[PDB]
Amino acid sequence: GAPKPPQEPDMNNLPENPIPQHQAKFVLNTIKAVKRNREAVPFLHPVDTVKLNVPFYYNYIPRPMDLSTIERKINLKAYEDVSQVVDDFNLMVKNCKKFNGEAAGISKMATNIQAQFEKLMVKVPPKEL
């Protein structure tokens, strides 16, 4: 099957102007809140295709994503905008639905934590200032 993509973030391609700290603190706390959701447990760590016996996972999913990667990218200043945090969360969810199917129980878990994430993000402070 397709090989495992490199871990994010690319430490040689970090942005010159990352998310401002007041937004970075908020999205970090937002991800940590989602990580405490019981529905988030299977999303805490990258898919391990050996443990799960899916040799063709990366053929479906060329850009895997998980909550720990989002947290790491926030901490390592890899994001330029909070829209990219939203994008990565949506990518994690879309990956799950693409590989497992929309009707799978794991995809309902993904939808549930996406709904929590979206509700929490209502209160993100604006970028300017």
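One rule holds for the numbers: they count along the sequence shown, beginning at 1.
K.L.:
What stretch has the higher average Cα B-factor here, 23-31 or 44-52?
P.N.:
Stretch with the higher mean C-alpha B-factor: 23-31.
K.L.:
Quick check: 33-41 versus 60-68, which has the larger average CA B-factor in the record?
P.N.:
Comparing averages over the C-alpha atoms only gives 33-41.
K.L.:
For residue 82, does the deposited CA B-factor place it in the lowest, middle or highest third of the chain?
P.N.:
As the PDB entry reports it, the C-alpha B-factor of residue 82 lands in the highest third of its chain.
K.L.:
Taking the C-alpha B-factors as the PDB entry records them, is residue 104 in the lowest, middle or highest third of its chain?
P.N.:
Ranked within chain, residue 104 CA B lands in the highest tercile.
K.L.:
Ranking every modelled residue in this chain by its Cα temperature factor as given in the entry, which third contains residue 115?
P.N.:
Middle third of the chain for residue 115's C-alpha B-factor.
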